[PDB]
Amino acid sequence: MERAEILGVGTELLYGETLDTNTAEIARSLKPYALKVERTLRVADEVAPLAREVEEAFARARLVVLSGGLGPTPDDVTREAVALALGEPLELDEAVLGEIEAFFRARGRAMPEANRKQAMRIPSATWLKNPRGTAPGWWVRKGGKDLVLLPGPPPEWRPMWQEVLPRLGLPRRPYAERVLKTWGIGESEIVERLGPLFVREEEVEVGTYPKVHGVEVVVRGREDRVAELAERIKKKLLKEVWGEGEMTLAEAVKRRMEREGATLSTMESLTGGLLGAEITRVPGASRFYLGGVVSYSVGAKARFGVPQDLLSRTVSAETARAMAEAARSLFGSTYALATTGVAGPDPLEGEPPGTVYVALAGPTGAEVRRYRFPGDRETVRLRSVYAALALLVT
């Protein structure tokens, strides 16, 4: 399987002064094609290094897609670099220059001399029309290979790319991907439960991505092999998979509440409101979520019903259950979730950072789960939120 190389041009992309979403979007557009994307580059606006990267990319690939640096400034050097990389000279296309002149004239302005540059193409390039911008793109076919220059701005390049992509004659491959979202199982256990199902092959592959909301397992590749291998994987992880594709834990909790005709409330310590924030992120939350309290001080804990006998061990399963039952009674909700524990950086009640209890109380009783989360303060906070949400969708 041959390579596609993707290069976003622009010094600002290197430093994140412009966020490079171009190279990823292009990469995702290549999914239906039997090409391998091994890497993406972001390259500075400098002719020699850029020329070097293009030549190398071209030498190893069936397709090279470049984005950006097609402006009129001295910092816009992509055309020169491609020219240098492929050993062809730039040529003024008088006709294109007229269209560039027209662009400015339509806006009541003479064409700046700088913009003359934008009507240069090498002999191997045909033009790609940009009715949205001054810079027309290129399509270079050479050596049985394709190279495509696109302007930076997405609204300029997206229609251009959509048009030319099916014209390149890239080989197709029926492609699928499956995303499984788990909770409460770490990477190593997934490894063990999967064993040989954790495939890494040219036709299909299985990857894991640990998030604050749990480990995502993605199977991707040939449609046939993805379908059956992802179903096997789902079987092995059945009780820990709470969602697929776009599903979020918040949205999952919402579906359950709506299915049941049930309501929810919360009582939070260490997460400080972040669980309510996350529940209320999804439009339509007011249909089930009655509200909540943040019991950050000892006095607030007492005020909202934590028993006095537990105020010296608020970081406990006992307190967590009491908090959840208290919220349920206080809000009159069908369900209630509680969070208590040690965010970091310091210990609390002699317990170390990451020590977290989450609880759910409902019509048939209450239940508690204990966690020792690694990570800094903000990480521990976030995991606690998802841990609490996970009690409802297990």
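All residue numbers are counted from 1 along the displayed sequence.
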Coordinates absent for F198 in a third or more of other entries: yes
Selected stretch [higher average CA B-factor]: 283-291 or 163-171: 163-171
311-319 versus 88-96 - greater average Cα B-factor per the deposited record: 88-96
Candidate residues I190, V218, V212, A250, the one whose C-alpha B factor the record puts highest: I190
Criterion, highest CA B-factor; candidates, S297, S124, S265, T271: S124
Third of the chain, ranked by Cα B-factor, where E46 sits: highest
Where the record places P131 (Cα B-factor, split into thirds across the chain): highest
Relative C-alpha B-factor of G243, binned into the chain's lowest, middle or highest third: highest
Chain thirds of CA B-factor: placement of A119: highest
Chain-relative CA temperature factor third for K181: middle
